[PDB]
Amino acid sequence: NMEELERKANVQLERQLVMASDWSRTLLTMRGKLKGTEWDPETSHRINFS
Amino acid sequence: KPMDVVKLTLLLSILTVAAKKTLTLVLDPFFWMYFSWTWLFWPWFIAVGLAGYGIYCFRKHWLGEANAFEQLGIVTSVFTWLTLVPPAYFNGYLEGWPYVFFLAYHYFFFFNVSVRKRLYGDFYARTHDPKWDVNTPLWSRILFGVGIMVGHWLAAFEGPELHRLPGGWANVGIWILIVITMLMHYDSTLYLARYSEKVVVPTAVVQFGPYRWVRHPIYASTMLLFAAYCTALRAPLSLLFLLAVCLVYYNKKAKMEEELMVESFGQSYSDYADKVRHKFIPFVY
Amino acid sequence: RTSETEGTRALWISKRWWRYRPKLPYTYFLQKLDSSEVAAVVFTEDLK
């Protein structure tokens, strides 16, 4: 029983962590802190297929 | 004054603390993960939060200070908490008949308002004799309301799921029952309110339309509304139980009213009741 | 495979339209599906 509940708590923690990272990204992008980074980059010259 | 400056400093400090608490609640992504964790029950935020407003407005009206919106909210609280909440609780999805019967109940009860506004100045209570309006013991009124709730919750419990109940040419009888109910009730109301000088003071004896079929037609129409409602979610057992309880209470009030207006009128309502013995249902009772 | 959930996946969406769903990543979904933690995948008609 304690093993099964431990697995349940661990997968709960994983899902909590990943939505926490989602909220952290979408919150920290809006204050300009992620500006210039990969998630909020700037426009430059284009690129061809080759 | 120095104490004014001291209190301004204290107010600034406590406002800074409160604003800091609000800000660190907001821009924390984890409170955004846990406070948006409750959007799944945004249907259940409203349906219970409005009940507190309904009961608060009910108490305010009991004191005697209710605007039109608050009393509208009182009947809305009763009617919504009746119709929509139980099937939403039992199946988790509301689509179809509960919606249209939530509309139909409000469309039903807003019929004394139009008749008592068209042939009147406004909705203000007028002056009349105290003995004209029949009263009935409060415990029986609460018992009627509680029995109506019990039958409605039992109707939602008993009836099959909203997607299993049939449609097509089986949902055309339901429309027939709805329309005939609202015709009978509106005719009864229009015939009853035409002959009364004051709000409820009957000048003469009414024996026209629904009054030449059933001696108490508004009551019968109201019960037939619940009967069609129990037919809508396909729960006949609740239909029979509301038949029992509504018949009991409504016959009690009918007896009180009938004895009053037989005393006050005499032979006219006597021969009228001889003409139409069937008191609630045509040739069933 | 005799599960009683034969085709009970999309009418859930149609009924509980008034629920809430948050956003999930892509490579997380791939790595989560590789370990077989998913018993339902319901597409949108336009592959979006």
# chains A, B, ... in the order shown; residues from 1 in each chain; ligands from 1
>>> residues_around(residues="residue C:27", least_positions_apart="6", cutoff="12 Å", atoms="only C-alpha atoms", output="ChimeraX atom specification")
/A:18 /C:33-34
>>> write_last_selection(atoms="C-alpha atoms", output="PDB file, in the first residue's frame")
ATOM      1  CA  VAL A  18       5.504  20.384 -15.384  1.00  0.00           C
TER       2      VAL A  18
ATOM      3  CA  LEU C  33       3.257   8.028 -24.602  1.00  0.00           C
ATOM      4  CA  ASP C  34       6.453   5.988 -25.043  1.00  0.00           C
TER       5      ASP C  34
END
>>> interface_residues(of="chain C", to="chain A", cutoff="10 Å", atoms="only C-alpha atoms", output="list in words")
residues 22, 23, 24, 25 and 28 of chain C
>>> write_last_selection(atoms="N, CA and C atoms", output="PDB file, in the first residue's frame")
ATOM      1  N   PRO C  22      -5.769  22.894 -19.300  1.00  0.00           N
ATOM      2  CA  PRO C  22      -4.529  23.659 -19.480  1.00  0.00           C
ATOM      3  C   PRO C  22      -3.634  23.068 -20.563  1.00  0.00           C
ATOM      4  N   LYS C  23      -2.548  23.786 -20.856  1.00  0.00           N
ATOM      5  CA  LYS C  23      -1.704  23.450 -21.996  1.00  0.00           C
ATOM      6  C   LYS C  23      -0.609  22.468 -21.573  1.00  0.00           C
ATOM      7  N   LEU C  24      -0.297  21.538 -22.481  1.00  0.00           N
ATOM      8  CA  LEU C  24       0.704  20.510 -22.235  1.00  0.00           C
ATOM      9  C   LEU C  24       1.735  20.556 -23.357  1.00  0.00           C
ATOM     10  N   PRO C  25       2.993  20.206 -23.077  1.00  0.00           N
ATOM     11  CA  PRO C  25       4.027  20.267 -24.119  1.00  0.00           C
ATOM     12  C   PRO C  25       3.986  19.073 -25.064  1.00  0.00           C
ATOM     13  N   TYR C  28       7.083  16.263 -24.052  1.00  0.00           N
ATOM     14  CA  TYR C  28       6.516  15.605 -22.881  1.00  0.00           C
ATOM     15  C   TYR C  28       5.461  14.584 -23.279  1.00  0.00           C
TER      16      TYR C  28
END
>>> residues_around(residues="stretch 14-17 of chain A", least_positions_apart="5", cutoff="9 Å", atoms="only C-alpha atoms", output="PyMOL selection string")
(chain A and resi 9+22) or (chain B and resi 30+33)
>>> select_by_dssp(residues="chain C", states="helix (DSSP H, G or I)", output="VMD selection string")
chain C and resid 11 to 15 26 to 34
>>> write_last_selection(atoms="N, CA and C atoms", output="tab-separated table (two decimals), in the first residue's frame")
chain	number	residue	atom	x	y	z
C	11	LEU	N	-17.73	12.25	-27.15
C	11	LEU	CA	-18.98	12.78	-26.64
C	11	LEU	C	-18.79	13.33	-25.22
C	12	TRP	N	-17.76	12.86	-24.52
C	12	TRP	CA	-17.30	13.52	-23.30
C	12	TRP	C	-16.90	14.97	-23.54
C	13	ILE	N	-16.14	15.22	-24.60
C	13	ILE	CA	-15.78	16.59	-24.96
C	13	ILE	C	-17.04	17.39	-25.26
C	14	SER	N	-17.95	16.80	-26.04
C	14	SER	CA	-19.17	17.50	-26.44
C	14	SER	C	-20.05	17.83	-25.24
C	15	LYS	N	-20.13	16.93	-24.27
C	15	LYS	CA	-20.95	17.17	-23.08
C	15	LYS	C	-20.28	18.17	-22.15
C	26	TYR	N	4.81	19.15	-26.11
C	26	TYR	CA	4.84	18.13	-27.16
C	26	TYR	C	5.77	16.98	-26.80
C	27	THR	N	7.06	17.28	-26.58
C	27	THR	CA	8.02	16.23	-26.31
C	27	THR	C	7.71	15.54	-24.99
C	28	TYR	N	7.08	16.26	-24.05
C	28	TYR	CA	6.52	15.61	-22.88
C	28	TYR	C	5.46	14.58	-23.28
C	29	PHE	N	4.58	14.93	-24.22
C	29	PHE	CA	3.55	13.99	-24.65
C	29	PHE	C	4.17	12.77	-25.33
C	30	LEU	N	5.22	12.98	-26.13
C	30	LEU	CA	5.90	11.85	-26.78
C	30	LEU	C	6.56	10.94	-25.76
C	31	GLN	N	7.30	11.53	-24.81
C	31	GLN	CA	7.99	10.73	-23.80
C	31	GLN	C	7.00	10.07	-22.84
C	32	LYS	N	5.83	10.69	-22.64
C	32	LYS	CA	4.78	10.12	-21.80
C	32	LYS	C	4.06	8.98	-22.51
C	33	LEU	N	3.92	9.07	-23.83
C	33	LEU	CA	3.26	8.03	-24.60
C	33	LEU	C	4.18	6.84	-24.86
C	34	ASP	N	5.50	7.08	-24.88
C	34	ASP	CA	6.45	5.99	-25.04
C	34	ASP	C	6.40	5.01	-23.87
>>> interface_residues(of="chain B", to="chain A", cutoff="10 Å", atoms="only C-alpha atoms", output="tab-separated table (two decimals) with N, CA and C atoms, in the first residue's frame")
chain	number	residue	atom	x	y	z
B	26	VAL	N	-0.31	36.88	-6.81
B	26	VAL	CA	-0.61	36.91	-8.24
B	26	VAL	C	0.55	36.39	-9.09
B	27	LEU	N	1.72	37.01	-9.01
B	27	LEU	CA	2.82	36.69	-9.92
B	27	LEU	C	3.56	35.41	-9.54
B	28	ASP	N	3.11	34.69	-8.52
B	28	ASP	CA	3.66	33.37	-8.23
B	28	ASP	C	3.05	32.38	-9.20
B	29	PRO	N	3.85	31.68	-10.02
B	29	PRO	CA	3.26	30.71	-10.96
B	29	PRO	C	2.66	29.49	-10.28
B	30	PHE	N	3.03	29.22	-9.03
B	30	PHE	CA	2.50	28.03	-8.36
B	30	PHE	C	1.09	28.29	-7.84
B	31	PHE	N	0.82	29.51	-7.38
B	31	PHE	CA	-0.55	29.89	-7.06
B	31	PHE	C	-1.39	29.98	-8.34
B	32	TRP	N	-0.73	30.23	-9.47
B	32	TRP	CA	-1.44	30.15	-10.75
B	32	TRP	C	-1.68	28.70	-11.15
B	33	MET	N	-0.84	27.78	-10.67
B	33	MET	CA	-1.07	26.37	-10.95
B	33	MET	C	-2.16	25.80	-10.05
B	34	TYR	N	-2.31	26.37	-8.85
B	34	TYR	CA	-3.28	25.82	-7.89
B	34	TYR	C	-4.60	26.58	-7.91
>>> interface_residues(of="chain B", to="chain C", cutoff="10 Å", atoms="only C-alpha atoms", output="list in words")
residues 33, 36, 37, 38, 39, 40, 41, 42, 43, 92, 93, 94 and 95 of chain B
>>> residues_around(residues="stretch 273-279 of chain B", least_positions_apart="3", cutoff="10 Å", atoms="only C-alpha atoms", output="MDAnalysis selection string")
chainID B and resid 207 211:217 219:220 251 254 258 262 267:270 282:285
>>> write_last_selection(atoms="N, CA, C and O atoms", output="short mmCIF file (atom, residue, chain, number, x, y, z; two decimals), in the first residue's frame")
data_model
loop_
_atom_site.label_atom_id
_atom_site.label_comp_id
_atom_site.auth_asym_id
_atom_site.auth_seq_id
_atom_site.Cartn_x
_atom_site.Cartn_y
_atom_site.Cartn_z
N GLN B 207 -67.41 31.52 -13.44
CA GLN B 207 -67.82 30.21 -13.95
C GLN B 207 -67.56 30.11 -15.45
O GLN B 207 -68.40 29.62 -16.21
N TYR B 211 -63.00 27.52 -15.50
CA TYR B 211 -63.86 27.42 -14.33
C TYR B 211 -65.11 26.59 -14.60
O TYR B 211 -65.78 26.16 -13.66
N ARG B 212 -65.45 26.33 -15.87
CA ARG B 212 -66.57 25.44 -16.16
C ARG B 212 -66.12 24.00 -16.35
O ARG B 212 -66.95 23.14 -16.66
N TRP B 213 -64.83 23.72 -16.16
CA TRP B 213 -64.29 22.37 -16.14
C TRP B 213 -63.81 21.95 -14.76
O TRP B 213 -64.15 20.85 -14.31
N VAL B 214 -63.03 22.79 -14.09
CA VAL B 214 -62.43 22.47 -12.81
C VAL B 214 -62.62 23.68 -11.89
O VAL B 214 -62.40 24.82 -12.30
N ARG B 215 -63.06 23.41 -10.65
CA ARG B 215 -63.40 24.50 -9.74
C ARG B 215 -62.18 25.31 -9.32
O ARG B 215 -62.31 26.50 -9.01
N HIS B 216 -60.99 24.70 -9.31
CA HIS B 216 -59.75 25.37 -8.92
C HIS B 216 -58.72 25.16 -10.03
O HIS B 216 -57.85 24.28 -9.93
N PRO B 217 -58.78 25.96 -11.09
CA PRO B 217 -58.01 25.67 -12.31
C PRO B 217 -56.54 26.08 -12.26
O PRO B 217 -55.71 25.43 -12.89
N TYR B 219 -54.57 25.98 -9.63
CA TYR B 219 -53.93 24.93 -8.86
C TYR B 219 -53.68 23.68 -9.70
O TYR B 219 -52.58 23.11 -9.68
N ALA B 220 -54.71 23.27 -10.45
CA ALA B 220 -54.59 22.11 -11.33
C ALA B 220 -53.55 22.35 -12.41
O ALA B 220 -52.78 21.45 -12.75
N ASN B 251 -55.48 20.61 -1.69
CA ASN B 251 -56.85 20.35 -1.26
C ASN B 251 -57.14 21.01 0.08
O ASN B 251 -58.24 21.49 0.31
N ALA B 254 -57.61 24.56 -0.77
CA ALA B 254 -58.84 24.67 -1.54
C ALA B 254 -60.06 24.59 -0.63
O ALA B 254 -61.03 25.32 -0.82
N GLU B 258 -62.57 27.62 -0.28
CA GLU B 258 -63.93 27.31 -0.68
C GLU B 258 -64.92 27.58 0.45
O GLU B 258 -65.99 28.13 0.21
N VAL B 262 -67.82 30.33 0.09
CA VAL B 262 -69.19 29.86 0.26
C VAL B 262 -69.88 30.63 1.38
O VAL B 262 -71.05 31.01 1.24
N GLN B 267 -75.49 31.06 -2.14
CA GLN B 267 -76.11 30.11 -3.06
C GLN B 267 -75.40 30.07 -4.41
O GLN B 267 -75.45 29.04 -5.09
N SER B 268 -74.77 31.17 -4.83
CA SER B 268 -74.19 31.25 -6.16
C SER B 268 -73.07 30.24 -6.35
O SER B 268 -73.10 29.41 -7.28
N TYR B 269 -72.08 30.25 -5.46
CA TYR B 269 -71.02 29.26 -5.55
C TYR B 269 -71.53 27.87 -5.20
O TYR B 269 -70.95 26.87 -5.63
N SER B 270 -72.63 27.78 -4.44
CA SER B 270 -73.23 26.48 -4.16
C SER B 270 -73.73 25.82 -5.44
O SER B 270 -73.36 24.67 -5.74
N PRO B 282 -60.31 16.78 -14.17
CA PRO B 282 -61.58 16.44 -14.82
C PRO B 282 -61.96 14.97 -14.66
O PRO B 282 -61.22 14.08 -15.09
N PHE B 283 -63.13 14.73 -14.05
CA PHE B 283 -63.73 13.43 -13.74
C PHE B 283 -62.75 12.38 -13.23
O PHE B 283 -62.89 11.19 -13.54
N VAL B 284 -61.76 12.79 -12.43
CA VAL B 284 -60.88 11.84 -11.75
C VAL B 284 -60.99 12.06 -10.25
O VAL B 284 -60.85 11.12 -9.46
N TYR B 285 -61.28 13.29 -9.84
CA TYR B 285 -61.32 13.64 -8.43
C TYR B 285 -62.18 14.88 -8.20
O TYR B 285 -62.81 15.04 -7.15
#
>>> atom_distance(atom1="atom CA of residue B:180", atom2="atom CA of residue B:222")
11.7 Å
>>> residues_around(residues="residue B:154", least_positions_apart="3", cutoff="10 Å", atoms="only C-alpha atoms", output="ChimeraX atom specification")
/B:86,148-151,157-159,230,235,237-239,241
>>> residues_around(residues="stretch 45-58 of chain B", least_positions_apart="4", cutoff="9 Å", atoms="only C-alpha atoms", output="ChimeraX atom specification")
/B:39,41,62-63,66,70-71,73-78,80-81,85
>>> decode(residues="stretch 2-27 of chain C", atoms="N, CA, C and O atoms", output="mmCIF file, in the first residue's frame")
data_model
loop_
_atom_site.group_PDB
_atom_site.id
_atom_site.type_symbol
_atom_site.label_atom_id
_atom_site.label_comp_id
_atom_site.auth_asym_id
_atom_site.auth_seq_id
_atom_site.Cartn_x
_atom_site.Cartn_y
_atom_site.Cartn_z
ATOM 1 N N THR C 2 -11.615 -6.269 -23.649
ATOM 2 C CA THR C 2 -13.062 -6.209 -23.461
ATOM 3 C C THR C 2 -13.480 -5.051 -22.564
ATOM 4 O O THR C 2 -14.416 -5.178 -21.768
ATOM 5 N N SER C 3 -12.803 -3.911 -22.671
ATOM 6 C CA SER C 3 -13.202 -2.728 -21.920
ATOM 7 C C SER C 3 -14.537 -2.202 -22.431
ATOM 8 O O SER C 3 -14.789 -2.182 -23.640
ATOM 9 N N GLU C 4 -15.397 -1.777 -21.501
ATOM 10 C CA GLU C 4 -16.711 -1.268 -21.880
ATOM 11 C C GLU C 4 -16.639 0.109 -22.527
ATOM 12 O O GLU C 4 -17.646 0.578 -23.068
ATOM 13 N N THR C 5 -15.479 0.766 -22.480
ATOM 14 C CA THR C 5 -15.280 2.057 -23.139
ATOM 15 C C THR C 5 -14.861 1.815 -24.591
ATOM 16 O O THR C 5 -13.690 1.901 -24.970
ATOM 17 N N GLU C 6 -15.859 1.493 -25.414
ATOM 18 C CA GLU C 6 -15.603 1.225 -26.826
ATOM 19 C C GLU C 6 -15.449 2.522 -27.616
ATOM 20 O O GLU C 6 -14.455 2.716 -28.324
ATOM 21 N N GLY C 7 -16.425 3.421 -27.507
ATOM 22 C CA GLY C 7 -16.368 4.686 -28.211
ATOM 23 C C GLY C 7 -16.751 5.883 -27.365
ATOM 24 O O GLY C 7 -17.293 6.866 -27.880
ATOM 25 N N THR C 8 -16.471 5.816 -26.065
ATOM 26 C CA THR C 8 -16.831 6.870 -25.116
ATOM 27 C C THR C 8 -15.669 7.838 -24.889
ATOM 28 O O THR C 8 -15.096 7.891 -23.797
ATOM 29 N N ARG C 9 -15.269 8.590 -25.914
ATOM 30 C CA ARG C 9 -14.123 9.491 -25.813
ATOM 31 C C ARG C 9 -14.387 10.905 -26.311
ATOM 32 O O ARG C 9 -13.816 11.855 -25.772
ATOM 33 N N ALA C 10 -15.226 11.079 -27.334
ATOM 34 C CA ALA C 10 -15.417 12.406 -27.916
ATOM 35 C C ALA C 10 -16.704 13.056 -27.418
ATOM 36 O O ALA C 10 -16.785 14.288 -27.285
ATOM 37 N N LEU C 11 -17.725 12.245 -27.147
ATOM 38 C CA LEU C 11 -18.978 12.785 -26.636
ATOM 39 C C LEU C 11 -18.793 13.330 -25.224
ATOM 40 O O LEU C 11 -19.553 14.190 -24.776
ATOM 41 N N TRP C 12 -17.761 12.864 -24.520
ATOM 42 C CA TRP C 12 -17.304 13.525 -23.301
ATOM 43 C C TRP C 12 -16.901 14.971 -23.537
ATOM 44 O O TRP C 12 -17.271 15.851 -22.753
ATOM 45 N N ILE C 13 -16.138 15.220 -24.602
ATOM 46 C CA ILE C 13 -15.780 16.587 -24.961
ATOM 47 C C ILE C 13 -17.042 17.391 -25.256
ATOM 48 O O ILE C 13 -17.230 18.508 -24.746
ATOM 49 N N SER C 14 -17.947 16.801 -26.042
ATOM 50 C CA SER C 14 -19.166 17.502 -26.442
ATOM 51 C C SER C 14 -20.054 17.834 -25.242
ATOM 52 O O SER C 14 -20.667 18.906 -25.188
ATOM 53 N N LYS C 15 -20.132 16.926 -24.267
ATOM 54 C CA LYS C 15 -20.953 17.173 -23.084
ATOM 55 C C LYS C 15 -20.282 18.173 -22.150
ATOM 56 O O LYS C 15 -20.867 19.205 -21.801
ATOM 57 N N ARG C 16 -19.055 17.881 -21.719
ATOM 58 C CA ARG C 16 -18.378 18.783 -20.795
ATOM 59 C C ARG C 16 -17.529 19.801 -21.543
ATOM 60 O O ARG C 16 -16.361 20.013 -21.202
ATOM 61 N N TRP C 17 -18.103 20.411 -22.583
ATOM 62 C CA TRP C 17 -17.578 21.666 -23.115
ATOM 63 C C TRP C 17 -17.318 22.731 -22.049
ATOM 64 O O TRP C 17 -16.394 23.534 -22.220
ATOM 65 N N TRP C 18 -18.091 22.772 -20.958
ATOM 66 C CA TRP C 18 -17.922 23.868 -20.007
ATOM 67 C C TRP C 18 -16.923 23.552 -18.890
ATOM 68 O O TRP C 18 -17.043 24.102 -17.790
ATOM 69 N N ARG C 19 -15.933 22.703 -19.168
ATOM 70 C CA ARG C 19 -14.818 22.403 -18.284
ATOM 71 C C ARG C 19 -13.619 23.286 -18.656
ATOM 72 O O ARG C 19 -13.725 24.199 -19.479
ATOM 73 N N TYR C 20 -12.461 23.023 -18.046
ATOM 74 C CA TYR C 20 -11.230 23.764 -18.317
ATOM 75 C C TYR C 20 -10.104 22.773 -18.607
ATOM 76 O O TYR C 20 -10.016 21.723 -17.962
ATOM 77 N N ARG C 21 -9.256 23.098 -19.584
ATOM 78 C CA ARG C 21 -8.083 22.295 -19.908
ATOM 79 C C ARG C 21 -6.854 23.186 -20.014
ATOM 80 O O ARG C 21 -6.884 24.174 -20.761
ATOM 81 N N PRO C 22 -5.769 22.894 -19.300
ATOM 82 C CA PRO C 22 -4.529 23.659 -19.480
ATOM 83 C C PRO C 22 -3.634 23.068 -20.563
ATOM 84 O O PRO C 22 -3.895 21.991 -21.106
ATOM 85 N N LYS C 23 -2.548 23.786 -20.856
ATOM 86 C CA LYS C 23 -1.704 23.450 -21.996
ATOM 87 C C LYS C 23 -0.609 22.468 -21.573
ATOM 88 O O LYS C 23 -0.043 22.547 -20.479
ATOM 89 N N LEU C 24 -0.297 21.538 -22.481
ATOM 90 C CA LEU C 24 0.704 20.510 -22.235
ATOM 91 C C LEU C 24 1.735 20.556 -23.357
ATOM 92 O O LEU C 24 1.397 20.927 -24.491
ATOM 93 N N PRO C 25 2.993 20.206 -23.077
ATOM 94 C CA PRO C 25 4.027 20.267 -24.119
ATOM 95 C C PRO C 25 3.986 19.073 -25.064
ATOM 96 O O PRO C 25 3.244 18.109 -24.859
ATOM 97 N N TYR C 26 4.813 19.153 -26.113
ATOM 98 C CA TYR C 26 4.836 18.125 -27.155
ATOM 99 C C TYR C 26 5.772 16.977 -26.803
ATOM 100 O O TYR C 26 5.363 15.809 -26.786
ATOM 101 N N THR C 27 7.055 17.285 -26.584
ATOM 102 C CA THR C 27 8.025 16.231 -26.307
ATOM 103 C C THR C 27 7.715 15.542 -24.985
ATOM 104 O O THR C 27 8.011 14.353 -24.814
#
